[PDB]
Amino acid sequence: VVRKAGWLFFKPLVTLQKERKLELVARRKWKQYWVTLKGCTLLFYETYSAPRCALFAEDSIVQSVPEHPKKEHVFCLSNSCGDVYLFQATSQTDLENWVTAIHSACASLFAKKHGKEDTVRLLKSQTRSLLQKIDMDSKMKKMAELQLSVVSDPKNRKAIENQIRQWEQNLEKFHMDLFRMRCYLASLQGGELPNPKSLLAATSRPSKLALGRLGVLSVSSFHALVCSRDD
């Protein structure tokens with residue numbers, strides 16, 4: 001099934017190079033493409049019948065990029081693979097349709113892959129589930145903390161800190177999925193897209209620096225950084 005199709009400009013921004021090492025990618029240049037969202041895959045064409053290259057976007061996160069320096073109508077996509085790409089729509093409204101279609105397709109595929117029919121219920125579930133799961137590990141971390149900050153025995157001192165660092169990550173994963181869920185939800189119920197600043201607000205100081213050698217701190221990169229940890 002095809003939901004959208006039109007002219008866009010491409011330029012992959014970040015790829016997960018060998019050994020889970022996100023790379024700023026070979027600084028290529030913007031180049032048009034007749035793109036078509038069929039199901040949950042983005043097929044690219046060079047002329048208005050052979051796909052120059054395809055792109056799967058299951059469980060992806062599309063985010064506008066108006067702060068962009070040079071061009072406008074920029075929008076960045078990040079798939080569940082630590083990858084990041086950039087696009088340019090005809091108009092602000094085109095972008096909004098593009099975003100909405102991409103998200104819609106993921107929200108459908110996701111609801112389907114979860115053997116569920118009503119998506120808005122499934123999505124709405126996730127959020128409430130994820131919030132709970134976040135509150136859970138949120139307390140777990142706060143356990144070891146107001147505990148290891150007691151056992152001054154450099155012996156296990158570090159040993160514990162490896163669980164703190166662990167949960168801190170489980171929490172970043174959780175906030176990410178939660179952010180995505182809300183993105184899908186809005187791209188269906190037509191509400192405004194979840195505030196990104198709110199997600200970045202949960203970036204582990206480590207992950208922050210981590211996403212330092214990858215341009216600047218953005219939701220899209222954070223997403224990449226989280227997928228990179230997935231098996």
# chains A, B, ... in the order shown; residues from 1 in each chain; ligands from 1
>>> select_by_dssp(residues="stretch 128-202 of chain A", states="helix (DSSP H, G or I)", output="JSON, numbers by chain")
{"A": [128, 129, 130, 131, 132, 133, 134, 135, 136, 137, 138, 139, 140, 141, 142, 143, 144, 145, 146, 147, 148, 154, 155, 156, 157, 158, 159, 160, 161, 162, 163, 164, 165, 166, 167, 168, 169, 170, 171, 172, 173, 174, 175, 176, 177, 178, 179, 180, 181, 182, 183, 184, 185, 186, 187, 188, 189, 196, 197, 198, 199, 200]}
>>> residues_around(residues="residue A:109", least_positions_apart="2", cutoff="12 Å", atoms="only C-alpha atoms", output="list in words")
residues 1, 38, 39, 40, 41, 56, 57, 58, 59, 60, 102, 103, 104, 105, 106, 107, 111, 112, 113, 114, 115, 116, 117, 118, 119, 122, 123 and 184 of chain A
>>> closest_residue(among="A:202, A:35, A:62, A:22", to="residue A:187", atoms="only C-alpha atoms")
A:62
>>> closest_residue(among="A:146, A:25, A:224, A:159", to="residue A:80", atoms="only C-alpha atoms")
A:224
>>> residues_around(residues="residue A:164", least_positions_apart="2", cutoff="10 Å", atoms="only C-alpha atoms", output="ChimeraX atom specification")
/A:140-145,148,158-162,166-170
>>> atom_distance(atom1="atom CA of residue A:130", atom2="atom CA of residue A:178")
6.2 Å
>>> residues_around(residues="residue A:214", least_positions_apart="2", cutoff="9 Å", atoms="only C-alpha atoms", output="PyMOL selection string")
chain A and resi 14+22-24+210-212+216-217+221
>>> write_last_selection(atoms="C-alpha atoms", output="tab-separated table (two decimals), in the first residue's frame")
chain	number	residue	atom	x	y	z
A	14	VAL	CA	24.79	9.63	10.24
A	22	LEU	CA	28.17	6.21	14.70
A	23	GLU	CA	29.86	8.23	11.95
A	24	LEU	CA	29.26	11.73	10.67
A	210	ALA	CA	29.09	10.76	23.38
A	211	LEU	CA	26.82	12.61	20.98
A	212	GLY	CA	29.43	15.38	20.99
A	216	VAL	CA	25.48	18.77	17.95
A	217	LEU	CA	22.98	17.37	20.45
A	221	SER	CA	21.14	11.64	17.12
>>> residues_around(residues="stretch 190-195 of chain A", least_positions_apart="4", cutoff="9 Å", atoms="only C-alpha atoms", output="ChimeraX atom specification")
/A:63,100,179-180,182-186,199
>>> residues_around(residues="residue A:77", least_positions_apart="5", cutoff="6 Å", atoms="only C-alpha atoms", output="count of residues only")
4
>>> residues_around(residues="stretch 90-92 of chain A", least_positions_apart="3", cutoff="10 Å", atoms="only C-alpha atoms", output="ChimeraX atom specification")
/A:6-9,64,66,72-75,95-98
>>> select_by_dssp(residues="stretch 62-229 of chain A", states="strand (DSSP E or B)", output="list in words")
residues 62, 63, 64, 74, 75, 76, 77, 78, 84, 85, 86, 87 and 88 of chain A
